[PDB]
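Single-structure report; data block below.
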Amino acid sequence: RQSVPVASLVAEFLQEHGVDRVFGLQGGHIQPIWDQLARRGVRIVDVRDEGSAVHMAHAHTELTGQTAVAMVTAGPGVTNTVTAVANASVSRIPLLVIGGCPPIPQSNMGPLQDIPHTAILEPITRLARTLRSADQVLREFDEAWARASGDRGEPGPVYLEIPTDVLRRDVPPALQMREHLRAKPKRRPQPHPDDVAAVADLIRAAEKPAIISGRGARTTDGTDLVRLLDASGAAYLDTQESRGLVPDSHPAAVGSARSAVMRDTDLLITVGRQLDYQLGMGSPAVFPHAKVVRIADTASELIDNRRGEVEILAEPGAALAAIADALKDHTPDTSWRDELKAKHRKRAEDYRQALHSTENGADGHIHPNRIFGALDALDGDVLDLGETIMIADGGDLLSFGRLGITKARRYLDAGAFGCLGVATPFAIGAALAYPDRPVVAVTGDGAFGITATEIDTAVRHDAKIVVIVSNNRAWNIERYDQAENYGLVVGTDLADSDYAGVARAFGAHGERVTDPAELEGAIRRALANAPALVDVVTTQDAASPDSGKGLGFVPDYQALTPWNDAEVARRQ
Amino acid sequence: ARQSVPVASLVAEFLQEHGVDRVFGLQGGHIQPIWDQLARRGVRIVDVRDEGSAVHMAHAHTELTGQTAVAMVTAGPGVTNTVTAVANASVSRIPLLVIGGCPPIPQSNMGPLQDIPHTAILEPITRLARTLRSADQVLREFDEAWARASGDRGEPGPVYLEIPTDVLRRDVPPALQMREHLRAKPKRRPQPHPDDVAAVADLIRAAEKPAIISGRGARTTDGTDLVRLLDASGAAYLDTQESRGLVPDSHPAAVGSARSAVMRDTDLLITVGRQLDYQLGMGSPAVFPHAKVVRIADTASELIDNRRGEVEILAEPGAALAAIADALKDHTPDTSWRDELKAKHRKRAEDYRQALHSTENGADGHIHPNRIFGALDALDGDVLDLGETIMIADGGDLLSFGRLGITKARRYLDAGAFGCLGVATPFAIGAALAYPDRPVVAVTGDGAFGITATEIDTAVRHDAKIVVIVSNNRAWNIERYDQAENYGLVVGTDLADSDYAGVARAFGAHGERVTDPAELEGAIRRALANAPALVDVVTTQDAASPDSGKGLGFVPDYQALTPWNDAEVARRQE
Amino acid sequence: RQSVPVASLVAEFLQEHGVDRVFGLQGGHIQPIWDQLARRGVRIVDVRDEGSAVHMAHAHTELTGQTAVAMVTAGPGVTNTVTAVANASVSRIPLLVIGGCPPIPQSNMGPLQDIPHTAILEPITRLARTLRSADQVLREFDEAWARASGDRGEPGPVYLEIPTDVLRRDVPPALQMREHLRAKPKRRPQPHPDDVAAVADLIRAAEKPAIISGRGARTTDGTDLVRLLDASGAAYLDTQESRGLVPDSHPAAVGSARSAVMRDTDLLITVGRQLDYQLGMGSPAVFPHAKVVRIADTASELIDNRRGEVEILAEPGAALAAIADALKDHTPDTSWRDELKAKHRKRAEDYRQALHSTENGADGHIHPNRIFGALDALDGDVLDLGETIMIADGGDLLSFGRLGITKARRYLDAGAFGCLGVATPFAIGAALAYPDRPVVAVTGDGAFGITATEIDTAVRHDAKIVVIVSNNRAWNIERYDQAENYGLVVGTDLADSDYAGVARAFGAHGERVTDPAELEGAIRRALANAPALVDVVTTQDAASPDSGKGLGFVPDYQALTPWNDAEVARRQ
Ligand SMILES: CC(C)(O)C(=O)SCCNC(=O)CCNC(=O)[C@H](O)C(C)(C)COP(=O)(O)OP(=O)(O)OC[C@H]1O[C@@H](n2cnc3c(N)ncnc32)[C@H](O)[C@@H]1OP(=O)(O)O
Ligand SMILES: CC(C)(O)C(=O)SCCNC(=O)CCNC(=O)[C@H](O)C(C)(C)COP(=O)(O)OP(=O)(O)OC[C@H]1O[C@@H](n2cnc3c(N)ncnc32)[C@H](O)[C@@H]1OP(=O)(O)O
Ligand SMILES: CC(C)(O)C(=O)SCCNC(=O)CCNC(=O)[C@H](O)C(C)(C)COP(=O)(O)OP(=O)(O)OC[C@H]1O[C@@H](n2cnc3c(N)ncnc32)[C@H](O)[C@@H]1OP(=O)(O)O
Ligand SMILES: Cc1ncc(Cc2csc(CCOP(=O)(O)OP(=O)(O)O)c2C)c(N)n1
Ligand SMILES: Cc1ncc(Cc2csc(CCOP(=O)(O)OP(=O)(O)O)c2C)c(N)n1
Ligand SMILES: Cc1ncc(Cc2csc(CCOP(=O)(O)OP(=O)(O)O)c2C)c(N)n1
Ligand SMILES: [Mg+2]
Ligand SMILES: [Mg+2]
Ligand SMILES: [Mg+2]
Ligand SMILES: [Mg+2]
């Protein structure tokens, strides 16, 4: 080892920890790190807005399991990340944000961009620190890295900033410890056999077991989950954060029976999933017959809103496998699951076939479902949807996408946070992670306006993305709440913008579609010429399931009117 | 004769009664009940493409008009999209109100849609950040927050209020709806003490080289009491980016091209509503080696930072300036230093401005950005009146060129002490809607513009007559230059030759590209006749601004700029 | 100037700013400052509990107007101050707390006492900062000093901590600026004449004007207040934080007519006073006929709960004088004030005479009012109450003290915060500030147990205090709420402790009293042998006004039941 500046050690720490790319936007306060990353051969993915760099890192970690890294300058560079940090905090995604900050001698003196970055980010990070001791920077990086994984907290984003005088300070070789530089494996806490047995007993006693998966299950490959589904006879639901773990044809997979499963299950088993608003707070009002069991590698998916009759805090794969083993010699009663599955095959197949011929709305414009129809039609022709990373974003468009996107290798969207504008930055992170196939992002026009200029980033970095915009000239799920519940539509209209022209202005391939019969060709040409955008002139006359269920109205107790009605009855 | 009405109605009424005739924002369900009531009262709703831009619009509105402005945004990402623009308003000490959505009280901490700790995130960069849980007290909490935005119990700047949707829908009995909370209130007017006035006038009589440097608080005045004091004192005058336009260009004190000379030699620095932050070298003795210090302001945020006054006046600055002018009634100032600076300033500024019309292309064959400022100067008195124009600047090298190139504006806005890239378009929109009779002109770097470009759509939908001129140098170019000069490696600072005119046309604005500098005057003339409009100017990468040359990109240990930093290193080793 | 360590410059800053004493408790982290203060001849008043040192500083500043200083070590030394800091924050008293903290190299590494002091104190200070730049320490001290006065905030406590490696670092003489070392005068913002005139017009139109004073009025000597009372014909009330500004015999002084003044005034004028719970939130329910005017040098006494038809933000003395001037040629209608005053003379004189002969309670023990009787009886004999600093603390005892303490030069008590245990630390600060006369502190036994060991501090530092304890073997106002509103008395009894013996064990003079006829002699002997304690065996059968009005019960809208009943009527 030689005496080297902090900036060099930070670059080395990152590379040794497996970082081969940093998302970011250059400023002088971080230039010393930026320089060293480039001299080490770390790819720098420079963006148009720092928020998008954090979104890119989120997508990288969520897909790959490798903690990703954004780097931004002092002041507005850091404050531009707060939305993307909050989003990663809510979704419990490990990532590191490296911020610039002013030199120590000028503290509190009004130097350029001295705002309290750590104070702003502390409520939505696992750690937010200013590193004032050159000798201890390496250690602070390694500990923050562990905390992003969930050590001393739960998985999520961490923030570190180094005053520029500290960045430029030398660290003697004695203080450069191999144990802080080196990559570390994930923790693997194991289940206790008594908890495994107690869950197996609940499954044997249950007539209508159901498993709902989430983030922690999606860290596994799905094979132990399928083993437990096979041993238990349970129905299976996933969530936006856990798509793709169970084959569609599996006798447990009943994705179009969500209400039926929640209403009747006598044993809900959560697997790395929160019982947040997305699952009716786990309320007895939404699960009126369910006993509860909770399995996760973090108590963030064990203690919220409902407690387990058993709770297992362990690596989910090992827990699922141990319970499957313990159900040796059990013959599950699958008659409820099978009855749901028969109804699911009809409902899901009818729905998917209908996507190819959905009528135009009263305004003469394309129903957004035709986008999902056209993608389904191209599957096995010009793209393999089962190898494709699908992204969804927007309001009505996002809700239609939850039903319209059924074959994807992986799925990302606006998350529990409802973070509009993720579609383009997610698509870019996904595409650079998996360069062999186009990534397809389907987005509302409202959402797309937030991060549209990242089309520039996609072209400059050659990220093979296809963005498809539902251009309905509106924040349409909002326009509909205003009409239905208030009788006045105001400040929710947008214009008939040329998003293909926006894409072409930033060097991407672009095409506008007004005729639904043109969608397959337009998407074919977009796939062949990625990065590409398809601007689809869509109807305002089309209520998504979210629209119809009051999501826009914000009831007192639950996100949706039907669940809220059930909760009001439970209360009395 | 009051009746029982929901909180959402009272909030809309509170705002209209406090003089709010417009609200910038982006609709979500959590704020819809307020949004609805604002529209039924006839308050204009200016709906944007990104909530950060709504807060920048409110900032511009307040900074120009002095009327506290309002942004309204939904829970979760709607609130977190504001943080940059809130920080910017906090650093610049601009009163504004952000009204955020938030989940109903029953669902607190349960993982409802968008339950993040908005108030904890915003508390470090607001004067007040609160969740309002008592229907009966919402009016009161609004009135108090409004007063704290003005600087009561703190200093001027942004405040944040959020009302859980169940509270928004709750009725308030009429007896709890107090006129005193609904009604508009006047600004405070603390007055100077005559002993402090006398003491300042004594310092001015004893000084040979008095200099006044203005800031935010001065810019809240019309400039006429400032001119009275300049006249009575014989002081030299500098402004800052936040105080342009208070003193006529031809005034014998106005020596804007003599910044280093004034700071090096003044024996009496008088700050008027101005911080001695990095923009004035921390007020360091290293940068003001001969100055005694006097500070005048209506807030100690412009009295106590880095240097203390031999006298500090905490008062409405207009009254303080007038009182000191009166106290100098029989003083005959020695103006010979000011006069010698002014004579040299006249020539240096005139030569500089003339040379803007003919600046040569850089080695890459592209337009020098100074030609944009030349073209605007040439059109003055032809198709636009720069003295009635609101000018905005944003970017890196472009912004530094703009500080020399923009000399005749009625009002000036830019990226601020925060160095907040992307303000150009949202500022221009707020400015144009405040002052609808003439185009607003925003000159921006391509880097900065990419942050808020989609707000061109907002300008077209709301008919904001803006002209945006882009220095398209295919780069974050002040950064590219720091990389080359101090590190020998240029990486992740290049952008592309994007069609910003095409982006503007895609959103229904007028757009044209300029590659030939002789085409600039026409392109800007056509842009002014067809606003909202963008002019995409292919500019050179071979052009170092004064900020570029002075190390701004490098971030020295003690001062923002190398020359000032060198002076501070010398001061330390005495 | 020479190159000197930060610790020396801090000692010099304090002495130059007028600090001639520092209250505190030594630890290694602050020893370098402690050492330099002692070498400069600054008196070190070392205490038994760091909280008491902050209370002492509070009393010094509140009495003298000079900002006072406590100094405490890292970790538990700082955390022991939080109550006394909160108390000073609520009362808006300028003070500086200097905390120790660990050296910079060991940050976040679990060094001895690395807890987040600044994060803990930030919600209840005007400034809380860690000073990491030796060169800028002087400047940070001067700015924090200004912020304690109210600059950029409102008057109250500030916290500064210097890592011990920074304390030991030299500062070059060039960076030691006279302007940061030197003492600074208080600000004096002046009224605008239009606001003065508008207030004078409201006074001319009012039939029943009333002035209520507070903290900001008590920063003046009272003479401009009396000028305005004379020019306006207003009734006058003070509050616990504004006693002693208006002579008792003044025709406006109607201290026993509090409810009558609030009920009928048609013009309430606050003078440096909050309309907090102590004045019924300024509610129309408590002031049903009042227009409102607010005068103060801080908007902390202008904007809370009621807005002024006029609000003057100025030095209160100048504002009061300007309004008195503007009432040149006004003949005030004093008939309401005079009618209140005639009733006041009878009520107050009857009450004060009755203090000399209050009966023992049913349990055979002294009524606490006899303490106030005995003090009244000694006035003009062995002490001059009009030159005496009186302190009150406790529950029932505190409430009886508000009526029983009527002649004092100055009065301190538990404050709006209701901070039990202030009595002894306040008495010590007061006594060292004004060494020529004994200070008398009257306290409940509950309150006294919190800070009793500071009797040791009083003896070691020769603070001439007399503490008189109402020893009723109870948190008695709490015992009474439990009996009246819950029917069960539990965990509110104390024991028949020997507080005279406690005092004698720490080297003070002590005496126990069981016979009310012994009180005058015991208090005479205590005054002659200060520091001294008188342990008065008092009754549990004695409801104070606070007890009778529900203070213990915490109603929904107001601190007291009658005010709360009025608010409930106003709401409907
Ligand atoms: C408040 C506001 C407007 O300002 C916002 O900020 S909103 C933020 C933007 N939007 C969001 O982030 C979305 C938030 N909401 C949601 O995530 C969802 O409403 C929910 C998770 C809370 C509830 O979703 P569901 O459990 O209903 O899941 P979906 O996948 O949406 O399924 C809807 C229905 O289609 C069914 N379905 C699913 N896949 C299908 C398929 N393939 N074929 C046919 N039907 C299918 C499904 O069973 C179900 O019908 P049913 O069983 O209730 O009768
Ligand atoms: C760190 C990083 C890069 O990552 C960032 O985030 S930077 C953020 C974006 N940039 C900014 O926000 C800029 C921040 N810096 C500044 O604001 C300024 O550098 C400063 C306030 C610190 C210094 O500005 P000056 O006091 O030098 O003022 P300017 O108006 O720029 O004047 C520069 C020179 O032009 C002169 N000048 C002004 N008007 C003139 C005129 N009309 N004609 C000729 N010369 C003129 C002026 O006198 C002076 O020359 P001199 O006296 O020093 O020799
Ligand atoms: C909640 C709990 C129990 O856990 C706690 O923590 S309590 C904390 C400990 N206690 C406190 O900090 C006290 C808090 N409360 C108070 O400060 C008071 O209740 C109050 C400020 C809110 C209200 O006080 P008042 O305005 O009633 O003032 P007092 O000086 O107490 O006067 C009481 C009465 O005696 C009268 N009075 C005053 N001086 C007199 C005199 N000299 N002679 C005769 N009567 C006199 C006075 O007029 C009034 O009677 P009326 O007009 O209402 O009929
Ligand atoms: C940053 C932010 N601001 C506001 C909102 C609130 C919202 C949730 S859904 C929606 C409408 C989205 O319109 P889009 O055109 O994308 O989709 P569509 O319904 O098909 O027309 C809004 C405004 C959220 N969640 N995030
Ligand atoms: C949100 C944010 N992120 C980064 C930065 C740091 C910066 C300051 S100046 C600059 C270059 C701006 O490039 P532009 O193209 O607008 O101008 P020009 O130099 O003429 O090419 C950067 C990146 C700031 N202040 N704010
Ligand atoms: C630190 C703290 N803990 C509890 C309380 C709550 C309280 C307010 S009054 C009171 C009883 C005081 O008993 P004392 O014996 O002093 O007075 P007396 O009624 O005459 O017997 C308590 C416990 C407060 N305010 N502060
Ligand atoms: Mg839309
Ligand atoms: Mg943003
Ligand atoms: Mg550029
Ligand atoms: Mg007691």
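Start at 1 and go down the list; that is how both ligands and their atoms are numbered. Residue numbers begin at 1 in each chain, while the letters A, B, ... track the order of the sequences.
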Looking at every non-hydrogen atom in both residues, tell me the closest pair between [X] and [Y] and how far apart they are.
X        : Y        : value
C:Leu375 : C:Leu385 : O-CD1, 3.7 Å
C:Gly214 : C:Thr239 : CA-OG1, 3.8 Å
A:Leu112 : B:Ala417 : CD1-O, 3.6 Å
B:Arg49  : B:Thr454 : CG-O, 3.7 Å

Look at the aromatic rings of A:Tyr499 and A:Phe448 and report parallel, tilted or perpendicular, splitting at 30° and 60°.
perpendicular

Could you measure the distance from the CG atom of C:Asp413 to the CD atom of C:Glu241? Nearest 0.5 Å is fine.
9.5 Å

C:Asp546 and C:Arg402: salt bridge (charged side-chain N to carboxylate O under 4.0 Å, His left out), yes or no, with the steps?
CA-CA 10 Å; C:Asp546 280 353; C:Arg402 262 165 6 237; 2.8 Å; yes

Go through the structure and list residues passing salt bridge (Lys or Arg N to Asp or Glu O under 4.0 Å) with C:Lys407, not counting sequence neighbours.
C:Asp376

Between ligand 2 and the protein, which N/O pairs are shorter than 3.5 Å?
from, atom 1, to, atom 2, distance (Å)
ligand 2, 4 (O), A:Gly28, N, 3.0
ligand 2, 6 (O), A:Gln113, OE1, 3.3
ligand 2, 6 (O), A:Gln113, NE2, 3.1
ligand 2, 17 (O), B:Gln241, NE2, 2.9
ligand 2, 19 (O), B:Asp547, OD1, 2.8
ligand 2, 26 (O), B:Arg259, NE, 3.0
ligand 2, 27 (O), B:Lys550, NZ, 2.8
ligand 2, 28 (O), B:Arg259, NE, 3.4
ligand 2, 31 (O), B:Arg403, NE, 3.2
ligand 2, 31 (O), B:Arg403, NH2, 2.8
ligand 2, 39 (N), B:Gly256, O, 3.4
ligand 2, 48 (O), B:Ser257, O, 3.2
ligand 2, 48 (O), B:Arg259, N, 3.1
ligand 2, 52 (O), B:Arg259, N, 3.3
ligand 2, 52 (O), B:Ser260, N, 2.9
ligand 2, 53 (O), B:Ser260, OG, 2.7
ligand 2, 54 (O), B:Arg348, NH2, 3.2

Proximal protein heteroatoms (N, O or S) of the Mg ion (ligand 7), under 2.8 Å:
A:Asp445 OD1, A:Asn472 OD1, A:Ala474 O

Quick one: side chain to side chain contact (heavy atoms under 4.5 Å, CB included) partners of B:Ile451, sequence neighbours excluded?
A:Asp49, B:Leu421

